[PDB]
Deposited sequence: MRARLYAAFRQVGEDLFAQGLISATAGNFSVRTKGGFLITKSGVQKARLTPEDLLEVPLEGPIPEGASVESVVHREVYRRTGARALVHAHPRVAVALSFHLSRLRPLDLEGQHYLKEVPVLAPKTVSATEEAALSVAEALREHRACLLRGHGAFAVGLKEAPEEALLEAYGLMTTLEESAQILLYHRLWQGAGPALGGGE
């Protein structure tokens, strides 16, 4: 179905990069597929994505070279979740506040509706991490991996729309983290 699926990957890229959620070649995202998952390639302009940039990976056995080193996680996520899409990103604020929480609870109405609760995993990538990210995403739509960015899942049926669902949730996270940070600097200091 290339046409539209493509529209969603190039879109999300340009977006995740315009909002600062990822640098020029960081982060990765994927959708589920008959074989396995369709992912972005390692080390490449994620805002200037083109078709040959995406690469199908199976849940099977050989991880083809050129596919994100974060590919282990995505897979595990697809192997133990029902997730139909996954966006990995680095929302500045969410990441700064992740160093002190085990959980991140949004205060805002939009956040509480979609990101009810965001778990923070402490590593003390790696297969091990893959399993923690995986478990967290079973009953949660996003999670922070301490100082390692966040992960958001998409459960919609249409691969592309799932992707927008994820990227979308990522954006909600950062918004909630920002609101949490402001709300505190104010309550705290000052009077």
### Query
Could you give the ranges of the deposited sequence that carry no C-alpha coordinates?
125-127, 195-200
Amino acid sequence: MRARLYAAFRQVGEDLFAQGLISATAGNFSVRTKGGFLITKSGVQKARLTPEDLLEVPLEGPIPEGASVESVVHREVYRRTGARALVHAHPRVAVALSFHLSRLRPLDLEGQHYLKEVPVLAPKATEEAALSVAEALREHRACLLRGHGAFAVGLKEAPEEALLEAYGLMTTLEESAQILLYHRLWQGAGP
From here on, numbers count along this sequence of modelled residues.
### Query
Taking the recorded C-alpha temperature factors, which stretch has the higher mean, 155-163 or 66-74?
66-74
### Query
Going by the B-factors listed in the PDB entry, is the mean over the C-alpha atoms higher for 179-187 or for 14-22?
179-187
### Query
What's the residue among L145, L49, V31, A134 with the greatest CA temperature factor in the PDB record?
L49
### Message
Among the modelled residues of this chain, does the Cα B factor of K124 put it in the lowest, middle or highest third?
### Response
highest
### Task
Relative to the other modelled residues of the same chain, rank the CA B-factor of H113 and answer lowest, middle or highest third.
middle
#### Entry: B-factor third for the C-alpha atom of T40 within its chain
lowest
### Within-chain third of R103 by Cα B-factor, per the entry
middle
#### Entry: Third of the chain's Cα B-factor distribution that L54 belongs to, per the entry
middle
